[PDB]
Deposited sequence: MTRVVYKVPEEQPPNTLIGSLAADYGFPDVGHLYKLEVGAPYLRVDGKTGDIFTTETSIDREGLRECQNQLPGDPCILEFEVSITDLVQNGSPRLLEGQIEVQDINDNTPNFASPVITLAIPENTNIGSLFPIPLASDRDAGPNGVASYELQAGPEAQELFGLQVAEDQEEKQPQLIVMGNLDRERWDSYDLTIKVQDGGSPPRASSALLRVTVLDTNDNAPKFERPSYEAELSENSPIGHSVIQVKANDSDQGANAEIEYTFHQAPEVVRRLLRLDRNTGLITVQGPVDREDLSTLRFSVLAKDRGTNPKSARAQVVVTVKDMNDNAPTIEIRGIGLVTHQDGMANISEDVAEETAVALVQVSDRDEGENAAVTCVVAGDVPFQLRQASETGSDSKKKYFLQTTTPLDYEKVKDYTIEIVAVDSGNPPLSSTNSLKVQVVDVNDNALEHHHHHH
């Protein structure tokens, strides 16, 4: 028959004697002792430990822990052969075990901007005791700031208490990214046993920030004809997110072929260098946008206008255009003017121009040898001149006039150009 006895009781505690009937202990050997003539049965210097017994290991909750034993009634005035009695001692549980977390530091990663109400599981504490003497409650201990951000809930759904962090306010990683709470587990023994763990919440990053350029808009001056590799400007943007969410790539946004041909933009450095032949005479300003884009899964981006002013070099010689006026008309660079026409009548029209700018296009223009023609301003960097006679002409020694015009810049080095006009005359009586 049965016997209810608390575990871990001190040696020689009476567990009972026979409500039935030499009494000898055949089975139960380390844990029990019997006395003969009485049938009374006590604990020993090996204590019955409800969590220690082999028999009571993987038991489902509510199944008693039963230690089995046999004693043999072996006297009846030395008459009978023995009768044995197969007893059962049901070991009662005392609260001799503390509830424990697997690790004393517990580490939760909660994303930024997680919706209020969101639940996150906390590792279960466990307790080797049974029923009421096992896990009873979880308690969240937090600083004022954190008290308002994190709650604690327990789900009794699994029929085993699963504790959960509730997020209750907005988390922002860029404001604050680590919270220290304590989680305390207590059992339902009297007195209770209790255990604590450090519960860190780390706020995981989300890509909730776009790059921003250091300046809204960028300018730079760049010399025409700069060598390949010449540094033009460096753009830079910043991003307040973490890792790849703040890693940035620079690419041309709106940028026509003409610009892409001349300028190279490094994805990583945002440094713009020369890559082709810059020519103020083809393009005097490079206008384009740069795109700064993060390496988030759904990248965010920003755009910046850049204006590169192209600066003049004196790389163009002046042009001398020699054409007719009124009735006097050139053919294949020669002109028919008849002997005996008024002094300072105009034989040709001379236009002078320079494709460069400022000084580099400021042109002086003048006539070569000893020939009886000069230039008169007719109308800077485009000058129009009458090419007119200095003297009267007779067919004396003439039809041999090659007039040679020379023009020069104010560049450095200065550039020169020359063009000529043949005038054939006609004799008059």
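Of the deposited sequence, the ranges 1-3, 25-32, 391-394, 445-455 have no C-alpha coordinates according to the record.
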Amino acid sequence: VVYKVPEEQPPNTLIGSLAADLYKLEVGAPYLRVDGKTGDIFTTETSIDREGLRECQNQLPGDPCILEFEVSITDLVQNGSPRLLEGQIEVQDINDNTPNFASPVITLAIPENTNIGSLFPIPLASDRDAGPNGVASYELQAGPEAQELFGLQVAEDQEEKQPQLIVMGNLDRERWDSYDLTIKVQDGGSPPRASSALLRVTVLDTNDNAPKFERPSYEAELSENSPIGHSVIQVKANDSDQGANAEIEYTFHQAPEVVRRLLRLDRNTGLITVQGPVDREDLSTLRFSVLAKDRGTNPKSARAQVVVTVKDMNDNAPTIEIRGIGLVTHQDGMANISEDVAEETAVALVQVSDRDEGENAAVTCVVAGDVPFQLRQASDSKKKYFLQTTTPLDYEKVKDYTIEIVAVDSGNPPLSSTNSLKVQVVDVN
From here on, numbers count along this sequence of modelled residues.
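Note on 267-275 vs 84-92: mean CA B-factor is higher in 84-92. As listed in the deposited structure, the average C-alpha B-factor of 7-15 and of 408-416 is greater for 7-15.
The PDB entry assigns its highest CA temperature factor, among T251, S353, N79, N115, to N79.
For the set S223, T285, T182, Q331, the PDB entry assigns the largest Cα B-factor to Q331. Ranked by Cα temperature factor within the chain, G188 sits in the lowest third according to the deposited record.
When the modelled residues of the chain are ordered by their C-alpha B factor, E257 lands in the middle third.
In the PDB entry, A317 places in the middle third of its chain by CA B-factor. Per the deposited record, the Cα B-factor of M168 falls in the middle third when ranked against the other modelled residues of its chain. The deposited CA B-factor of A146 belongs to the middle third of values across its chain.
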